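Backbone-built Cβ (ideal geometry, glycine too); neighbour counts: all protein chains shown. Derivation of every value follows stated rules applied to the coordinates shown; laboratory data play no part.
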Amino acid sequence: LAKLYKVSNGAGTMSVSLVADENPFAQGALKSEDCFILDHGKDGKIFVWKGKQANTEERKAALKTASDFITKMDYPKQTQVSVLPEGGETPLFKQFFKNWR
Ligand SMILES: [Ca+2]
């Protein structure tokens with residue numbers, strides 16, 4: 001099962017927190033103020049979703065963390081993080097969500 005993480009410094013430190021571990025995810029789980037990491041790394045699918053109002057530190061932290069997941073969770077070494085902006089989501093990303101519209 002995929003997991004969805006929030007990457008945010010809104011609470012006073014940069015934090016990577018779990019927001020969803022049941023599949024499929026709510027489309028409204030993606031909040032424009034932050035970045036999110038969708039981890040389905042077992043088959044090499046890891047996404048960074050960049051909320052339009054996230055800040056530079058959050059974007060940088062989400063990319064670094066998603067890349068770190070490859071090493072720390074022992075995902076396939078050729079895994080490439082898929083980076084998506086809010087509003088530029090691909091079918092492969094949307095398939096993880098319930099009734100994306
Ligand atoms: Ca934020």
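If you go through the stretch 48-66 one residue at a time, do you hit one that is without any contact (Cβ under 8 Å) to a residue 12 or more places away in the chain and either touching a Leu at 6+ places or on another chain (Cβ under 8 Å) or of a type in the set (D, E, K, R) (or both)?
yes
Could you list, in sequence order, the residues of the stretch 37-51 that are within 11 Å of the ligand (Cβ to nearest atom) and either of a type in the set (A, V, I, L, M) or touching a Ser or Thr at 6+ places or on another chain (Cβ under 9 Å) (or both)?
Answer for the stretch 37-51, where residues must be within 11 Å of the ligand (Cβ to nearest atom) and either of a type in the set (A, V, I, L, M) or touching a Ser or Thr at 6+ places or on another chain (Cβ under 9 Å) (or both): just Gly51.
Cβ-Cβ distance below 7 Å, separation of 6 or more or different chains: which pairs start in the stretch 1-15 with a residue that is outside any loop (DSSP other than H, G, I, E, B) and end on one that is more than 11 Å from the ligand (Cβ to nearest atom) and polar (S, T, N, Q)?
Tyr5/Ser17; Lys6/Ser17; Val7/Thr65
Report whether or not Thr56 is more than 15 Å from the chain's Cα centre (by Cα), on the phi < 0 side of the Ramachandran plot and of a type in the set (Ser, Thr, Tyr).
yes
Inside the stretch 66-101, can you point out the residues that are part of a helix (DSSP H, G or I) and not acidic (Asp, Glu)?
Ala66, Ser67, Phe69, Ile70, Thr71, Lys72, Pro91, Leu92, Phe93, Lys94, listed by residue number.
Looking for whichever is surrounded by fewer than 11 Cβ atoms within 10 Å (Cβ to Cβ) and within 16 Å of the ligand (Cβ to nearest atom) here; the options are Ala11, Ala62. Which one fits?
That would be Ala11, the only listed residue that is surrounded by fewer than 11 Cβ atoms within 10 Å (Cβ to Cβ) and within 16 Å of the ligand (Cβ to nearest atom).
Could you list, in sequence order, the residues of the stretch 82-101 that are over 21 Å from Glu22 (Cα atoms) and of a type in the set (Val, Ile, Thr)?
Within the stretch 82-101, just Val83 meets the criteria.
Name the residue that is nearest to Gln53 (Cα to Cα), counting only residues in the stretch 79-101 that are free of Cβ contacts under 8 Å to residues at least 12 places away in the same chain and not polar (S, T, N, Q).
By that ranking, first place goes to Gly88.
Among what's in the stretch 27-53 and is among the small types (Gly, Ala, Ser) and more than 13 Å from the chain's Cα centre (by Cα), pick the residue that is farthest from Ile70 (Cα to Cα).
Going through the qualifying residues, I end up with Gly28.
Just give me the residues in the stretch 1-25 being within 13 Å of the chain's Cα centre (by Cα) and either closer than 21 Å to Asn99 by Cβ or of a type in the set (A, V, I, L, M, F, W, C) (or both), in sequence order.
Hits for the stretch 1-25 are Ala2, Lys3, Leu4, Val7, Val16, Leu18, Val19, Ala20, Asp21, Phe25.
Would you check if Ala54 is in a helix (DSSP H, G or I) and surrounded by 22 or more Cβ atoms within 10 Å (Cβ to Cβ)?
When the stated conditions are applied, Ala54 does not pass them.
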